[PDB]
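Each of the two blocks below gives one form of the same protein chain as structure tokens; they are labelled structure 1 and structure 2.
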Structure 1
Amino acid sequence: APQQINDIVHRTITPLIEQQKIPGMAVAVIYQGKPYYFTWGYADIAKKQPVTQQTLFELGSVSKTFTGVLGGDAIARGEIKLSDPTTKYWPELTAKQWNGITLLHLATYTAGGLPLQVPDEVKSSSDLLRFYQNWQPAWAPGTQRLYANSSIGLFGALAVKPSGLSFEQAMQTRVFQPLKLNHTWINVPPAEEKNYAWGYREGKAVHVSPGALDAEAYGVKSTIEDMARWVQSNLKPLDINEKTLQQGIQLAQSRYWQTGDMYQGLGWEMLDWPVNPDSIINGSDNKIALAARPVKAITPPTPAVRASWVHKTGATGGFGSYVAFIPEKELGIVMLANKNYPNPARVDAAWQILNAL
């Protein structure tokens, strides 16, 4: 680890952890293409287990970059089209509303108001179908962005339908595997239970709860080393072999919509680089991030731009994560914690390290 890196790291993360009261944290820095790992604290507080590079953390919403790529793959494979209507994959989706609602809308929260979370009462696929059928939109599709699980989640489920595979089976075989994402799970196997960190909420050890469209919207668990690869991959997709995956990645970072200085990709989110840290930091605020905003459509879209600050935050009840990278500079970082803490906090920490280069 080059000093300068170690430096900004200690400088930056130590206070974050102390301030936020974070139990365990793992950090990776991709500098000029190479990763540098940092670890601190506890995965299991009472069992005194440390956070190692093999520690699995709940990525929460970071899962969405996965789902977005997996769908970019499906596109690249010719199996689906963003331009297709939802009903084409869910025939029984008879409601009119569904009319002009495309895969694209689902994928980018522009469907006109689908809910952030899927009701906890919705258990069966059946429940699920009532749910979607009975939903009426507030806006015209493609007019306003409203971050929602029930949206990109549905997109996930459907995007794998042609493949004949289960969401998780496609993910595995289509992304993890090819990428050597050996310790990435939707479901964590017994073999890895020992490495599965505990989330902490109000001082209680906790694990993501089960719910509809979870795998798709927030079910991925990973290690920093994996997240590191995840980063390199996304940083330089041209280097991956699977042609479809390689294309998928690029599709996920293409710009489909604009809202302010942000661009909505598939799963991912981008801003031009050089960025204005404010925008990023403050924008991370759920008060902004979770809000309903009017979108500008990019017709036709702008393919993945090298000069962007690409990134994503995610949270579960006991975990908080963040990802970001500058494709043009071959630089990025990944931060995973067993505590859900203020986003803005995560992004600023991110901004210091990276800004220090």
Structure 2
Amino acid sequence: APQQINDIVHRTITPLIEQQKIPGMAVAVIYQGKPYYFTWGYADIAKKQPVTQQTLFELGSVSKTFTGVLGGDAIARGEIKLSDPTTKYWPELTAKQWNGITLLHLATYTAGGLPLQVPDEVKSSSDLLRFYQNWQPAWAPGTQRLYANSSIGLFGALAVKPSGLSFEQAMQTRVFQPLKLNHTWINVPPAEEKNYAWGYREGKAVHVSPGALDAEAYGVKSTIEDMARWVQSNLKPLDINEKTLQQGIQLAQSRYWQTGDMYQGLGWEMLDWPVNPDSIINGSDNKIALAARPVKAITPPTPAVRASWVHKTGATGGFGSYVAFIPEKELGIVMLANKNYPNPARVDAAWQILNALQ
């Protein structure tokens, strides 16, 4: 690797691992479109398995970027429209409060205060219908952003309905396969078990628990190589041969809403580059609090802006992940760890690395 990359990565990540007591970590830096890999520590402490380029990590909420792109692909295929009422694709959602709530609102956490989690008690499709029927919005649709797995989760489930495919089937055939993400999974197959890192929470080895709409929201597991490829695809969508997928990526990076300096995409989130990193490290967009923020509609959405800091953070009980890239500069980073640690620390490291290389 170029020595500048080697040096900035090792000098930034090594103390991060110390400070945060992270058992294992993988990092990819995309520089001038080409990936460079770095690993530390252990995928499995008890069995002394090292982190490698083939180690599978739980992406947690970084999964939403895949959901956003799959949804974008569905729009490009003419199967759904983001302007469509939720009830067009779920006719049994007859409750009044659903009047005026569109697929756009679900995809961007702006439906009017859908809760963070689908309750663990929801097990059947009937249970799921009752949950959404009984939910009472705090705000009119398209006025406030409140991060919610129940929001984008429902978007994901509904987006695939016209295809007749299950969410998994659609993600595999329309996103993973075409992009050659052959070590990226919604359900980790037995063949890949040996590569699946354990997450660590309070010293215990843990994997993510199953839940309703888990696949759509926080269900993807992937290697550092595959995540690098994902970043490459998002940095330069025009190099992708499948036309609906290329368009899907572009739609996911469009700017639909603004809060402060932040713009909400489909899964992806964006800030204008050059970035003042204060808001994403210390301020209103540092992701520590669950925050209800008034949004200003971008009418219509600005197409993918090349000079953007495009990013998503993610966690599960036992994992922490971060992805950021700057299309203009052909530059990106992926950070995967098998311990959940604070988002501001993750963003601080990513900024330090990318700012040095930009």
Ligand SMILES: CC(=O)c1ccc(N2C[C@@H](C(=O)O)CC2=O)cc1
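Here, a residue number simply tells you its place in the sequence of structure 1, counted from 1. So that the term is clear: the rigid core is the largest set of C-alpha atoms that superpose within 1.5 Å between two forms. Residues that one form lacks are left out of the comparison.
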Discussion item. Between the pair I just shared, point out the form deposited with the ligand bound.
Written reply: 2
Worksheet entry | Mobile residue between structures 1 and 2, C-alpha criterion 2 Å or more, rigid core, from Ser233, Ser284, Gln250, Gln172 | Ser284
Practice prompt. After lining up the core, report the Cα displacement of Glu121 between structures 1 and 2 in Å, one decimal place.
Written response: 1.1
Worksheet entry | Following rigid core superposition, Cα shift of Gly71 between structures 1 and 2 in Å | 0.2
Item to complete: After the core superposition, state the residue ranges of at least 3 consecutive residues in which each CA shifts by 2 Å or more between structures 1 and 2.
Response: 282 to 290
